[PDB]
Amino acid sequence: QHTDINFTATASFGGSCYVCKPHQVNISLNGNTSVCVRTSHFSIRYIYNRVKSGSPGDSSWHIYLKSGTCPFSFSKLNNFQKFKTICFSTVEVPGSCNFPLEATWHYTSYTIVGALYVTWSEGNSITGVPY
């Protein structure tokens, strides 16, 4: 079959120093902390979602991910790359690729708020379709 994985960061921004760090930032692989691709084809997209705060200071709040410790670019995963195993987790798991999740207020201070964890065994059984 084909599996979609939405990797979603949801963040709320108030608190003491509005500008210094986000208040809370929940991180989720499909509404769970862990997904293993078990289908022949898979897609993964990163979704950033702010909550309403009643302040246009939102949208100067950027949370995005970074090129991590591994030979993949997040965007390269979806572009017909091939694996035998591929699994995604929210929290550090053994022997993993790490895509760190940095947050920033309008490019002032940068402040890491989590990461996407990738585990893989090379093969020709699982494909990354971009559609």
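So that there is no doubt, residue numbering starts at 1 and follows the sequence shown.
Participant: Taking the recorded C-alpha temperature factors, which stretch has the higher mean, 55-63 or 84-92?
Facilitator: According to the PDB entry, the answer is 84-92.
Participant: Out of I47, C97, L101, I27, whose C-alpha atom has the biggest B factor in the entry?
Facilitator: Result of the comparison over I47, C97, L101, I27: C97.
Participant: Using the temperature factors of the C-alpha atoms in this entry, rank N79 within its chain: lowest, middle or highest third.
Facilitator: For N79, the deposited C-alpha B-factor lands in the lowest third.
Participant: How does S109 rank on Cα B-factor within its chain, lowest, middle or highest third?
Facilitator: Tercile = lowest for this residue's CA B-factor.
Participant: Consider only the C-alpha atoms of the modelled residues in this chain, order them by B-factor as the entry records it, and name the third containing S16: lowest, middle or highest.
Facilitator: Middle third by C-alpha B-factor.
Participant: Could you tell me which third, lowest, middle or highest, the C-alpha B-factor of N32 occupies within its chain?
Facilitator: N32: CA B-factor falls in the highest third of its chain.
Participant: Going by what the PDB entry lists, where does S73 fall on CA B-factor within its chain: lowest, middle or highest third?
Facilitator: According to the entry, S73 has a C-alpha B-factor in the chain's lowest third.
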